[PDB]
Amino acid sequence: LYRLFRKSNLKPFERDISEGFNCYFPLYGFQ
Amino acid sequence: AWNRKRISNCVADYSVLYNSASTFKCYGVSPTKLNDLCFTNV
Amino acid sequence: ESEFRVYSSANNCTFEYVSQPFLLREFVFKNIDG
């Protein structure tokens, strides 16, 4: 899971888990 | 050379950045909100 | 000829601005918050 860029802003307690060339659509590192 | 161009008191347009080439790599700033940025020195 | 020839030595000089603040001349100069 990752904090990738979001073009929209979020609201309080909003849970949204659903243009920068080709980098908007993808979405941690365990080492 | 590197780190030679000082940017200030200028219109820091980003259209020339994100609409260029087909060249961006904006880490530290918001990519689609670049035109809303302002810094002490660039 | 006419030349200013002042001691500029504008090394590592980054601010430049051009205008026409010329022409009794009263003036007030202050440096406030940058």
# chains A, B, ... in the order shown; residues from 1 in each chain; ligands from 1

$ residues_around --residues "residue B:41" --least-positions-apart "4" --cutoff "12 Å" --atoms "only C-alpha atoms" --output "compact mmCIF listing (two decimals) with N, CA and C atoms, in the first residue's frame"
# COMPACT_ATOMS: atom_id res chain seq x y z
N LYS B 5 21.60 28.58 -11.60
CA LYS B 5 20.51 29.49 -11.91
C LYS B 5 19.68 29.80 -10.69
N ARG B 6 19.67 31.08 -10.31
CA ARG B 6 18.89 31.53 -9.17
C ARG B 6 17.55 32.02 -9.66
N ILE B 7 16.49 31.53 -9.05
CA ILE B 7 15.14 31.88 -9.42
C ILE B 7 14.41 32.58 -8.29
N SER B 8 14.02 33.83 -8.55
CA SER B 8 13.27 34.64 -7.59
C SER B 8 12.69 35.86 -8.22
N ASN B 9 11.67 36.47 -7.57
CA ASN B 9 11.07 37.71 -8.08
C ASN B 9 10.74 37.55 -9.56
N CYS B 10 10.15 36.39 -9.92
CA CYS B 10 9.99 35.99 -11.27
C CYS B 10 8.63 35.33 -11.29
N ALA B 12 7.11 32.09 -11.48
CA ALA B 12 7.58 30.71 -11.49
C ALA B 12 6.55 29.81 -12.15
N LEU B 37 2.36 27.14 -5.73
CA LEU B 37 3.52 27.14 -4.87
C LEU B 37 4.19 28.51 -4.80
N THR C 14 22.22 38.37 -7.44
CA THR C 14 21.02 37.80 -8.01
C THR C 14 19.82 38.72 -8.20
N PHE C 15 19.73 39.86 -7.53
CA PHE C 15 18.55 40.68 -7.73
C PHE C 15 18.84 41.76 -8.72

$ residues_around --residues "residue A:19" --least-positions-apart "6" --cutoff "12 Å" --atoms "only C-alpha atoms" --output "NGL selection string"
(:A and (5-8 or 25)) or (:B and (18-19 or 24 or 30-33))

$ interface_residues --of "chain C" --to "chain B" --cutoff "12 Å" --atoms "only C-alpha atoms" --output "MDAnalysis selection string"
chainID C and resid 12:17 34

$ decode --residues "stretch 12-28 of chain A" --atoms "N, CA, C and O atoms" --output "PDB file, in the first residue's frame"
ATOM      1  N   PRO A  12     -12.847  14.901   6.187  1.00  0.00           N
ATOM      2  CA  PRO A  12     -12.651  14.256   7.456  1.00  0.00           C
ATOM      3  C   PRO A  12     -13.273  12.891   7.459  1.00  0.00           C
ATOM      4  O   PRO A  12     -14.408  12.725   7.017  1.00  0.00           O
ATOM      5  N   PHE A  13     -12.525  11.923   7.962  1.00  0.00           N
ATOM      6  CA  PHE A  13     -12.936  10.544   8.068  1.00  0.00           C
ATOM      7  C   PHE A  13     -13.282   9.922   6.728  1.00  0.00           C
ATOM      8  O   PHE A  13     -13.946   8.885   6.682  1.00  0.00           O
ATOM      9  N   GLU A  14     -12.807  10.501   5.634  1.00  0.00           N
ATOM     10  CA  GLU A  14     -13.084   9.933   4.336  1.00  0.00           C
ATOM     11  C   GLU A  14     -12.168   8.762   4.063  1.00  0.00           C
ATOM     12  O   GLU A  14     -10.960   8.830   4.294  1.00  0.00           O
ATOM     13  N   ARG A  15     -12.737   7.693   3.532  1.00  0.00           N
ATOM     14  CA  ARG A  15     -11.978   6.509   3.189  1.00  0.00           C
ATOM     15  C   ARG A  15     -12.116   6.215   1.705  1.00  0.00           C
ATOM     16  O   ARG A  15     -13.027   5.504   1.279  1.00  0.00           O
ATOM     17  N   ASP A  16     -11.203   6.769   0.921  1.00  0.00           N
ATOM     18  CA  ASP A  16     -11.223   6.653  -0.530  1.00  0.00           C
ATOM     19  C   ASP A  16      -9.962   5.970  -1.006  1.00  0.00           C
ATOM     20  O   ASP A  16      -8.859   6.507  -0.867  1.00  0.00           O
ATOM     21  N   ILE A  17     -10.119   4.743  -1.463  1.00  0.00           N
ATOM     22  CA  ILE A  17      -8.999   3.919  -1.911  1.00  0.00           C
ATOM     23  C   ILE A  17      -9.083   3.494  -3.388  1.00  0.00           C
ATOM     24  O   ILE A  17      -8.468   2.499  -3.773  1.00  0.00           O
ATOM     25  N   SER A  18      -9.878   4.221  -4.209  1.00  0.00           N
ATOM     26  CA  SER A  18     -10.105   3.914  -5.613  1.00  0.00           C
ATOM     27  C   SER A  18      -8.889   4.283  -6.453  1.00  0.00           C
ATOM     28  O   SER A  18      -8.791   3.882  -7.616  1.00  0.00           O
ATOM     29  N   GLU A  19      -2.418  15.002 -15.724  1.00  0.00           N
ATOM     30  CA  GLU A  19      -2.631  13.934 -14.740  1.00  0.00           C
ATOM     31  C   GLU A  19      -1.357  13.197 -14.362  1.00  0.00           C
ATOM     32  O   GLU A  19      -1.415  12.062 -13.874  1.00  0.00           O
ATOM     33  N   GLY A  20      -0.188  13.839 -14.560  1.00  0.00           N
ATOM     34  CA  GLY A  20       1.091  13.240 -14.215  1.00  0.00           C
ATOM     35  C   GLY A  20       1.515  12.169 -15.203  1.00  0.00           C
ATOM     36  O   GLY A  20       1.851  11.065 -14.788  1.00  0.00           O
ATOM     37  N   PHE A  21       1.398  12.431 -16.494  1.00  0.00           N
ATOM     38  CA  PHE A  21       1.791  11.433 -17.473  1.00  0.00           C
ATOM     39  C   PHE A  21       1.181  10.098 -17.119  1.00  0.00           C
ATOM     40  O   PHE A  21      -0.038   9.993 -17.019  1.00  0.00           O
ATOM     41  N   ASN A  22       2.003   9.079 -16.900  1.00  0.00           N
ATOM     42  CA  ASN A  22       1.485   7.753 -16.627  1.00  0.00           C
ATOM     43  C   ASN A  22       1.782   7.280 -15.207  1.00  0.00           C
ATOM     44  O   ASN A  22       2.333   6.196 -15.017  1.00  0.00           O
ATOM     45  N   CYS A  23       1.479   8.122 -14.217  1.00  0.00           N
ATOM     46  CA  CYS A  23       1.777   7.790 -12.832  1.00  0.00           C
ATOM     47  C   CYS A  23       0.584   7.910 -11.860  1.00  0.00           C
ATOM     48  O   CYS A  23       0.762   7.776 -10.650  1.00  0.00           O
ATOM     49  N   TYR A  24      -0.609   8.223 -12.359  1.00  0.00           N
ATOM     50  CA  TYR A  24      -1.783   8.433 -11.501  1.00  0.00           C
ATOM     51  C   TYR A  24      -2.492   7.140 -11.144  1.00  0.00           C
ATOM     52  O   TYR A  24      -3.064   7.004 -10.068  1.00  0.00           O
ATOM     53  N   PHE A  25      -2.484   6.202 -12.069  1.00  0.00           N
ATOM     54  CA  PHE A  25      -3.162   4.941 -11.876  1.00  0.00           C
ATOM     55  C   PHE A  25      -2.513   3.874 -10.973  1.00  0.00           C
ATOM     56  O   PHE A  25      -3.265   3.136 -10.336  1.00  0.00           O
ATOM     57  N   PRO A  26      -1.175   3.767 -10.809  1.00  0.00           N
ATOM     58  CA  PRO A  26      -0.555   2.721 -10.042  1.00  0.00           C
ATOM     59  C   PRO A  26      -0.811   3.024  -8.610  1.00  0.00           C
ATOM     60  O   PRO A  26      -1.336   4.110  -8.340  1.00  0.00           O
ATOM     61  N   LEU A  27      -0.486   2.075  -7.685  1.00  0.00           N
ATOM     62  CA  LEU A  27      -0.601   2.440  -6.287  1.00  0.00           C
ATOM     63  C   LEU A  27      -0.012   1.247  -5.457  1.00  0.00           C
ATOM     64  O   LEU A  27      -0.710   0.450  -4.798  1.00  0.00           O
ATOM     65  N   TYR A  28       5.065  -0.082  -1.117  1.00  0.00           N
ATOM     66  CA  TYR A  28       5.336   0.029   0.306  1.00  0.00           C
ATOM     67  C   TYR A  28       6.845  -0.162   0.577  1.00  0.00           C
ATOM     68  O   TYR A  28       7.529   0.774   1.006  1.00  0.00           O
TER      69      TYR A  28
END
